[PDB]
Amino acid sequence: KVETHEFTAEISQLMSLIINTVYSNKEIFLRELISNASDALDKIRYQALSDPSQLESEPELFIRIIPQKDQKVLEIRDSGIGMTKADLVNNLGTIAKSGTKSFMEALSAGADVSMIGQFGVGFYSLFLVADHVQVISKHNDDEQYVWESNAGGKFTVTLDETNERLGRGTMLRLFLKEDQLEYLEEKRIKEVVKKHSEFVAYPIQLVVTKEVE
């Protein structure tokens, strides 16, 4: 049962700006998305100070990076607060207008694309390295949904009947551009994290498939 929606025109233009930009340091997308994940963890951490049962859906607090070389997919999963169905429809598409106008203007004045997070639209930095993205999410006391976009004019939101259960949190599935498959590599991923994400309150886990010989 696939609900369709349309992007606000601003978000669609931000999505087209980023998915096209020629930019040298495209690796900063990873700092942005780990930064979101850290924020989403902060928020479940807060609720669990008041109410510790909130952590029972997924007791470990982590950020986890899962290269899927078979599918040319990089997955970024956190055990954060997660997002409701309505959250997905508004937080992604249908909102964010404030930061996006400011940011498009700062760029025309010379701003470095790496400053996108100061305007709080760093999520869309993912399109530096990807042309398709799925967002899977599960908030305590609500069901698991998946949100999907092609950087175009519509996005779907649909109940999640095909993915591993998150327990609680959010997982981004980046369909990497063909020029950008370096970000599936264990060494590459190690460099960017230690370079850009040294001060993260939570363990950053990298998942490596290694053949036994």
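Start at 1 with the first residue shown and count on from there. We call the rigid core the largest set of C-alpha positions that still match within 1.5 Å between the two forms.
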The stretch that moves more in 8 other deposited structures of this protein, judged by RMS C-alpha distance from this form after core superposition, 187-195 or 20-28, is 20-28
Comparing 153-161 to 54-62 by root mean square Cα deviation from the shown form in 8 other deposited structures of this protein, core aligned, the larger deviation is found at 153-161
Looking only at C-alpha temperature factors in the entry, 104-112 or 91-99, the higher average sits in 91-99
When mean C-alpha B-factors in the record are compared for 167-175 and 140-148, the larger belongs to 140-148
In this crystal structure's PDB entry, the residue among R45, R188, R64, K154 with the greatest CA B factor is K154
Of the residues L14, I204, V192, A201, the one whose Cα carries the largest B-factor in the deposited record is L14
Temperature factor at the Cα of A37, chain-ranked in thirds, falls in the lowest
Split the chain's modelled residues into thirds by Cα B-factor; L30 lands in the middle
Assert third(CA B-factor, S53) within chain per record equals highest
